[PDB]
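K.L.:
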Amino acid sequence: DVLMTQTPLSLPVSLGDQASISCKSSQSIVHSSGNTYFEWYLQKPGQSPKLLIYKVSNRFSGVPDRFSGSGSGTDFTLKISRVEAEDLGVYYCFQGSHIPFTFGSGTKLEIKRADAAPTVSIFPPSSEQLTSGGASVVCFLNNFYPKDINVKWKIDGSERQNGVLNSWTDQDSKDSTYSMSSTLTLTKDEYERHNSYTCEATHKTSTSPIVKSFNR
Amino acid sequence: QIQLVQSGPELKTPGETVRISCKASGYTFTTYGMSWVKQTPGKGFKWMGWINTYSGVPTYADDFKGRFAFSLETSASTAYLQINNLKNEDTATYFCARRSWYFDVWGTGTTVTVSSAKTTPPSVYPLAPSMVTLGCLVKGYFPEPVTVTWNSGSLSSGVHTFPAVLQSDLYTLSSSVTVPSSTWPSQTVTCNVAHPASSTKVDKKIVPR
Amino acid sequence: XXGXXXXXX
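Chains as they are written, first to last, in this note's numbering: chain C, 4 to 219; chain V, 1095 to 1303; chain B, 1135 to 1143.
(1) In angstroms, rounded to a whole number, what distance separates the CA positions of C:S51 and C:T201?
(2) If you reduce the DSSP assignment to three classes, tell me which class C:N61 lands in.
(3) Closer than 6 Å by C-beta to C:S60: which residues in its own chain qualify, once you throw out the five before and the five after it? Chain order, please.
(4) Kindly list, in the order they appear in chain C, the residues whose Cβ is closer than 7 Å to that of V:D1198.
(5) At the level of alpha carbons, what is the spacing between V:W1130 and V:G1143?
(6) Just to make sure I have the definition right: I need the residues of chain C whose C-beta is within less than 9 Å of the C-beta of V:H1289. Which are they?
(7) Could you check if V:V1271 is buried or exposed, using at least 16 other CB atoms within 10 Å of its CB as the buried criterion?
(8) Against chain C, does V:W1195 count as a neighbour if the rule is that its beta carbon must be under 8 Å from one of theirs?
(9) Who are residue 273 of chain C's beta bridge partners in DSSP?
(10) Look at the Cβ atom of residue 220 of chain C, then the Cβ atom of C:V86, and state whether they are nearer than 8 Å.
(11) Just how far apart, CA to CA, sit V:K1298 and V:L1105?
(12) With a cut-off of 8 Å on the beta carbons, I'd call V:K1117 and V:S1171 a contact; round off their distance for me.
(13) Output needed for V:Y1154: all residues of its chain with C-beta closer than 6 Å, excluding positions within five of it in sequence on either side, in chain order.
(14) So which residues on chain C does V:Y1219 lean against when the C-beta distance must stay under 8 Å?
(15) Can you name the start and end residues of the beta strand (DSSP E) that C:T190 belongs to?
(16) Roughly how many whole angstroms lie between the Cα atoms of V:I1145 and V:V1151?
(17) Are there three or more Cβ pairs, one per stretch, closer than 8 Å when the segment 189 to 201 of chain C is compared with the segment 145 to 162 of chain C?
(18) Using the Cβ count rule (16 or more neighbours within 10 Å means buried), how would you classify V:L1221?
(19) Checking 8 Å against the spacing of the C-beta atoms, do residue 1345 of chain V and V:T1185 come in under that value?
(20) Beta-carbon within less than 6 Å of C:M183's beta-carbon, same chain only, minus the 5 sequence neighbours each way: which residues are those?
(21) Classify V:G1203 as buried or exposed, calling it buried when 16 or more other Cβ atoms lie within 10 Å of its own Cβ.
(22) Mind checking C:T186: buried by the 16 CB within 10 Å criterion, or exposed?
(23) Considering just the uninterrupted stretch of the beta strand (DSSP E) at C:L14, what are its terminal residues?
(24) Taking the DSSP output, what are the residues bridged to V:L1264?
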């Protein structure tokens, strides 16, 4: 099969700047007709792909002129000028010249925006969970930027590391921020032997940690 | 008005068969070839082949010659994808997409999950404390996916639903919603956690502790 | 189409 290699894998670009995404095929993707059936697609999280460019450099109806494509034979580049927030997503190249048609592995376009401090909220275990013998303390750290953040949990002032589960959302298509959920799950037995549960976040927007706590 | 609407999500065990549909509207079905593309989180997009909608002849990529069949029902402007003797690895989102010299229209995608593991419904826990953030913690379910909405979908702004994480305790996910403080608890906020696999939906109204 | 069918008639 024709292997389609994309670069970069991740592409952070500030709003307004230009982003260049490339694709290299393992062999020529010039179809026998002389045409080159190469396209660029963009897929946003939880959405179906959308066509951007076809036949290497032709913008599909409805596509902003900020998008353009170039290249030939085995090397192609999509250029997105004046990057906007809604450009967020994974870009894929594709060749429809040789069977089987093949796709590149995708390039995730990360948007660089103004730093934003997270809004942190902590929640104690529900009665339903306690009844089942477990006890999760949840901490949401919402709408922050940059994505880089460290969350530390403390129980009665002592750092706690076992039982922590973190999860992060994809960048927001509207405000370009990230959000994170950090859950500390103990057994009810252990939860009931302590008093203070703290979620503290280290982020560049604050010289010192943002601290939220829940006391039993 | 041109659309390719695909059938809903399926959950099957290995060895079973599944048939997915892709219905075109807004254009003459027989004027565009229809391709089928498999998408997985750990391999990306894989073109499975296509079917000529005028002649009815299918073309299968080599990795899909065998257990897969493409067929049509032109009177209903529908393309079908049938997968026989399902395998765990067939777990993926399948898209139909029409193609002239590009895929200008893609279907809505159909997620097929194939697992021999025991389905286990979700335990849903309420997360209560100018703006107030609330949430739901969803634990102990299998397999993915779980769908979370707030107020049956009418509360969509300020929502953050986090990707699931599988651990010893099976899948865990959480979702937060932020609303004006003056509107809760006066205007109720309920999370609805749907788990098609277990044919279960749990609705938890968040109330003050 | 206009054309198509995987590259023409």
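Quick reminder that beta carbons are idealized off the backbone N, C-alpha and C, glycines included.
P.N.:
Taking the coordinates as given:
(1) 40 Å
(2) strand
(3) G72 and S73
(4) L54 and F63
(5) 6 Å
(6) What V:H1289 touches in chain C: nothing, since even the nearest Cβ is about 16 Å away.
(7) buried
(8) yes
(9) The displayed coordinates of chain C run from 4 to 219. Any statement about residue 273 of chain C would go beyond what the structure contains.
(10) In the structure displayed, chain C extends from 4 to 219; residue 220 of chain C sits before or after that span and is not available.
(11) 25 Å
(12) 6 Å
(13) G1143
(14) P128, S129, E131, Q132 and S139
(15) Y181 to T190
(16) 6 Å
(17) yes
(18) buried
(19) Since the displayed chain V opens at 1095 and closes at 1303, residue 1345 of chain V lies outside it and no answer follows.
(20) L144 and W171
(21) buried
(22) buried
(23) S13 to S17
(24) V:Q1261
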